[PDB]
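Below, chain A is the first sequence line, B the second, and so on; all start at residue 1. What you see below is based on every heavy atom in this structure, not just the backbone, and it leaves out hydrogens, waters and symmetry mates.
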Amino acid sequence: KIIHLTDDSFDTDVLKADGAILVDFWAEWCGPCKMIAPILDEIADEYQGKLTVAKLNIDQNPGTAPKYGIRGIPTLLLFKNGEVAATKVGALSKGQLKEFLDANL
Amino acid sequence: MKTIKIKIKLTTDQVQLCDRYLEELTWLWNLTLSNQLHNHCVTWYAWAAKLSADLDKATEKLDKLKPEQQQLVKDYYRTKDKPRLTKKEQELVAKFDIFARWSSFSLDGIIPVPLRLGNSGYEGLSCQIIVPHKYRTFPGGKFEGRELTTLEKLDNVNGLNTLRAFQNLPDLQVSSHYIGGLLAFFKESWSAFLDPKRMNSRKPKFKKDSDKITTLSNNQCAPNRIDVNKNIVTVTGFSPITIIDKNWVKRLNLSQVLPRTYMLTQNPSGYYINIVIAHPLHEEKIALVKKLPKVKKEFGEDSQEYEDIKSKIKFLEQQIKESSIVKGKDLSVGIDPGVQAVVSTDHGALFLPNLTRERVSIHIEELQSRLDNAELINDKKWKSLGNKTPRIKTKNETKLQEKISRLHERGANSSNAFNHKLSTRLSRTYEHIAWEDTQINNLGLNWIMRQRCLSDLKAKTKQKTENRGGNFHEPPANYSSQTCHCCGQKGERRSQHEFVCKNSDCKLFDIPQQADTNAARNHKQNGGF
RNA sequence: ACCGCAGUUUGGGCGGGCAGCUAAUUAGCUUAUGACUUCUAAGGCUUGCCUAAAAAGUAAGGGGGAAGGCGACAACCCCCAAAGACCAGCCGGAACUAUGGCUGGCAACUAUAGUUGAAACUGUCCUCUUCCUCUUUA
DNA sequence: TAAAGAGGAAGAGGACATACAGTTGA
DNA sequence: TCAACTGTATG
């Protein structure tokens with residue numbers, strides 16, 4: 001259900017698009033990323049209709065990650081219409097991410 | 001164990017040596033921290049594999065159960081709303097709690113790259129945007145190629161000198177005893193960091209030029225010499241030091257104690273040596289304790305040697321414990337902390353606080369204001385003259401800062417002494433002590449209470465009562481300040497500190513009484529007395 | 001009040017201690033979260049005099065000499081004195097008041113008899129949080 | 001009176017308080 | 001040639 005992103009389409013996809021979009025910066029060879037992939041998959045379904053979710057592979061969109069001040073993977077950016085409404089770095093737990101979204105929505 | 005703190009006088013050469021040693025120790029602290037952070041990745045990966053196994057087992061046990069309850073059990077964690085389930089489903093909910101945090105993952109195909117920590121040792125880690133983790137090593141020497149697996153591997157002077165030469169620094173002049181002491185401090189800090197039962201202990205911090213080590217710790221042996229007739233202490237790394245304390249021979253009591261370890265400390269008041277002393281039997285006990293890993297490795301925990309060692313350790317520990325027990329009169333007290341009085345007693349005793357420390361605090365505030373005004377004026381003049389480089393501090397400012405530091409130290413020492421005296425008094429007088437505090441008032445008062453150090457008082461009283469053979473209780477605080485102690489009914493207060501019982505059946509009806517005394521009596525009753 | 005020194009603190013001890021009132025340079029009462037020296041940015045009354053943030057310093061047991069400091073003062077020399085106040089037991093529900101009383105001994109001071117000689121001490125490391133000062137905005 | 005920085009401290013609260021081999025040097 | 005210091009092992 002989560003939308004796979006790309007470098008070419010990012011500007012329209014994440015800025016012009018209506019509503020908040022939670023973009024996760026993901027790389028396959030990482031541990032903490034594999035720890036949270038299930039959690040993001042779950043949240044994309046639970047909050048459906050209240051918050052859209054998205055994924056960008058830093059090995060397949062290398063120029064996107066540097067621009068938004070992202071240094072370590074994983075990273076979560078809640079965008080809202082042209083700007084990063086919320087930012088987070090770290091492999092949060094389920095409760096942590098849930099409270100994060102509840103506070104930021 | 002006890003610590004005796006003795007004031008010493010150092011010569012200029014000795015002070016220079018002390019500064020150089022502290023600089024080397026700061027360098028060692030930073031090196032050890034860098035290595036430990038570099039190494040945490042392997043620990044985290046092992047933990048992650050174990051956690052994936054645990055999630056798999058929980059998933060299997062949840063799925064293999066009947067389909068009727070498992071759906072609701074899953075939704076319990078998958079949905080924020082949580083209804084009041086039956087015991088049957090609640091048991092499964094608990095038995096599959098690892099789903100309350102995580103979900104299954106492969107954890108395969110990973111290259112175990114070094115990880116960056118955050119505010120916790122396990123969750124929140126990230127890998128900075130390929131190279132498998134590799135261990136660092138001593139560049140050369142007699143120990144070339146040794147992998148620094150743990151921090152205890154850094155206890156080698158030869159390798160540390162190799163590293164210093166690699167970084168183009170002079171060789172270490174600090175003895176290995178102090179190196180071991182610093183490594184012990186770091187190990188304790190890291191263990192606190194990784195312990196989940198602690199939620200305020202976090203990653204150790206790097207030390208800048210303004211936060212250097214201020215102590216030398218020798219945790220391996222007692223001082224080489226303690227000459228009591230001539231007032232001299234010969235310790236490692238220094239020439240003999242002179243003692244300028246008048247009661248040190250009496251406090252140390254070297255004819256009935258046993259020196260174990262020491263620390264050279266620096267405070268605004270001066271230079272101190274802290275000697276740790278214990279019971280004479282202690283040296284036997286440790287000799288046996290350190291011997292347990294041997295027999296456990298040679299005969300097994302089920303052998304008779306292990307049982308004999310345990311029996312002897314228990315016997316020695318019991319002798320040590322009974323070496324400091326005092327017979328009492330069996331008097332019971334209820335203690336309630338107060339606002340006007342530091343502690344109030346079940347029989348009407350209101351102890352005044354340490355009112356002398358408030359004046360010191362006010363003095364500190366005034367001096368801080370004065371120093372800040374002076375600094376502002378100096379910076380304005382420095383900028384006006386036409387300089388952009390950072391300013392250099394003045395002599396008057398240094399004097400003012402020294403005064404502020406000494407005042408802070410004096411306040412801390414005063415609070416410590418007052419708490420010690422009150423704890424000793426309470427321990428001597430009473431055998432059973434019941435303690436309960438109502439901090440609801442917190443919901444400046446914080447300024448007043450930050451100076452009374454109630455937690456330290458309670459800790460000292462608890463320790464001293466336990467040593468003497470007494471009993472210490474912490475009953476619940478439910479409905480204590482607003483309950484008539486002879487009736488249990490909720491009364492009323494006619495003043496800021498007075499209380500009156502309500503119902504006419506009371507014996508104390510319509511008789512004002514101190515509220516603190518009532519709280520103390522309630523605490524004593526709730527303690528079984 | 002406060003400051004310095006006696007291991008660290010409290011009650012005390014020796015020394016430093018603004019200003020006002022009173023009495024006779026030196027004694028009492030009120031009272032300052034230290035006192036003093038040198039040179040200055042500034043400010044006040046009228047060209048002079050006063051007060052002075054900052055800066056650099058001085059002393060903090062008594063007395064007599066004394067090289068040398070712009071000055072507060074003083075390296076060095078001679079005499080006197082020596083409080084964070086003694087030891088051991090036994091009572092004490094030990095507060096108010098930061099530990100009261102009795103017994104024995106030992107010191108010091110008075111007139112063989114009296115007074116004084118108070119209490120306590122387990123510190124270090126770490127990570128969080130709190131407090132305060134000063135700034136900026138509101 | 002309120003809120004956010006920077007810097008100097010402390011209070012909370014948990015632990016901790018080494019033994020043998022092998023080597024050097026006055 | 002014996003005390004003091006350095007290396008190893010454990011928690």
| said: Counting the atoms with a prime plus P, OP1 and OP2 as sugar-phosphate, which does B/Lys524 contact under 4.0 Å by heavy atoms, base, sugar-phosphate, or nothing? | reply: base

Would you tabulate the side-chain donor-acceptor contacts of residues 146-153 of chain B under 3.5 Å, counting partners in other chains and residues two or more places apart, or write 'none'?
from     : atom 1 : to       : atom 2 : distance (Å)
B/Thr150 : OG1    : B/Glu152 : OE1    : 3.1

| query | Tell me, which stems hold DNA chain E, with a stem being 3 or more Watson-Crick or G-U pairs in a row and both distances under 3.5 Å? | reply | D:18-26 with E:1-9

| request: Would you mind classifying the nucleic acid contact of B/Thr345 as base, sugar-phosphate or nothing, using non-hydrogen atoms under 4.0 angstrom? | output: base

Mind listing the side-chain donor-acceptor pairs of residues 208-228 of chain B below 3.5 Å, one per line with the distance, residues two or more places apart or on another chain?
from     : atom 1 : to       : atom 2 : distance (Å)
B/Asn218 : OD1    : B/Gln220 : N      : 3.0
B/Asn218 : OD1    : B/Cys221 : N      : 3.2
B/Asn218 : ND2    : B/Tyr262 : OH     : 3.0
B/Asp227 : OD1    : B/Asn229 : N      : 3.4

| Which one, C/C132, C/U97, C/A54, comes nearest to the side chain of B/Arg370? | C/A54

| request: Would you confirm whether C/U110 and C/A6 are paired, taking Watson-Crick (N1-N3 with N6-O4 or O6-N4) or G-U wobble (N1-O2 and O6-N3) geometry and requiring each distance to be under 3.5 angstrom? | output: no

| request: Under 4.0 Å from any atom of RNA chain C, heavy atoms only: list the residues of residues 208-229 of chain B that qualify, in numerical order. | output: B/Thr214, B/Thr215

| field | Euclidean distance for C1', C/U37 against C/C70 (whole angstrom) | value | 10 Å

| Between neighbours C/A41 and C/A42, do the six-membered base rings sit under 5.5 Å apart with planes under 30 degrees? | yes

| task | Check side-chain contact (heavy atoms from CB on, under 4.5 Å) between B/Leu331 and all other residues, then give those that pass, not counting sequence neighbours. | result | B/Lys329, B/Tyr430

| query | Among residues 245-256 of chain B, which contact RNA chain C at a heavy-atom distance under 4.0 Å? | reply | B/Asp245, B/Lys246, B/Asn247, B/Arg251

| task | Tell me which nucleotide among C/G93, C/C131, C/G57 gets nearest to the side chain of B/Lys395. | result | C/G57

| task | May I ask you to list the residues of residues 270-279 of chain B, by number, that have any heavy atom positioned under 4.0 Å from an atom of RNA chain C? | result | B/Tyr272, B/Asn274

| note | Picking from C/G93, C/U124, C/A56, the nucleotide nearest the side-chain atoms of B/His347 would be C/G93

| remark: Ranking C/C121, C/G93, D/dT18 by distance to the side chain of B/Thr424, first place goes to C/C121

| field | Interface residues of residues 147-161 of chain B with RNA chain C (non-hydrogen, below 4.0 angstrom) | value | none

| said: Starting the side chain at C-beta, find the nucleotide from C/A120, C/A95, C/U9 nearest to B/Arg428. | reply: C/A120

| query | Residues two or more places apart in sequence or in another chain: which of them pass side-chain contact (heavy atoms from CB on, under 4.5 Å) with B/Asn416? | reply | B/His420, B/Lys460

| said: Please pick, from C/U122, C/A55, D/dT18, the nucleotide with the shortest atom-to-atom distance to any side-chain atom of B/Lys290. | reply: D/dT18

| Which listed nucleotide (C/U124, C/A94, C/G34) is nearest to the side chain of B/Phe185? | C/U124

| remark: From the candidates C/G123, C/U9, C/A54, the one with an atom nearest any side-chain atom of B/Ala374 is C/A54

I'd like a table of donor-acceptor pairs (distance under 3.5 Å, sequence neighbours excluded) in which one partner is a side-chain atom from residues 240-259 of chain B, with atom names and distances.
from     : atom 1 : to       : atom 2 : distance (Å)
B/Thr242 : OG1    : B/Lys9   : O      : 3.4
B/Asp245 : OD1    : B/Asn247 : N      : 2.7
B/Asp245 : OD1    : B/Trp248 : N      : 3.2
B/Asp245 : OD2    : B/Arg251 : NH1    : 2.5
B/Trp248 : NE1    : B/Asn231 : OD1    : 3.1
B/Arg251 : NH2    : B/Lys5   : O      : 2.6

| field | Pairs meeting criterion ring-ring contact (aromatic ring centres under 6.0 Å, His included) with involvement of residues 198-244 of chain B, two or more places apart | value | B/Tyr21-B/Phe238

| remark: Picking from C/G93, C/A98, C/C131, the nucleotide nearest the side-chain atoms of B/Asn446 would be C/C131

| request: Give one of base, sugar-phosphate or nothing for B/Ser344, where a contact means two heavy atoms less than 4.0 Å apart. | output: nothing

| task | With the side chain of B/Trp29 defined as its heavy atoms from C-beta on, choose the nearest nucleotide among C/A54, D/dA10, C/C126. | result | C/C126

Could you pull out all donor-acceptor pairs under 3.5 Å where a side-chain atom in residues 275-293 of chain B meets a protein atom, sequence neighbours excluded?
from     : atom 1 : to       : atom 2 : distance (Å)
B/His279 : ND1    : B/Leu281 : N      : 3.3
B/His279 : NE2    : B/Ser323 : OG     : 3.0
B/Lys285 : NZ     : B/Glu317 : OE1    : 3.3

| message | Let's test this: given Watson-Crick or G-U wobble pairing with both distances under 3.5 Å, identify the partner of C/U137. | response | D/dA2

| request: Mind checking B/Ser405 for me? I need base, sugar-phosphate or nothing, with any heavy atom below 4.0 Å counting as a touch. | output: sugar-phosphate

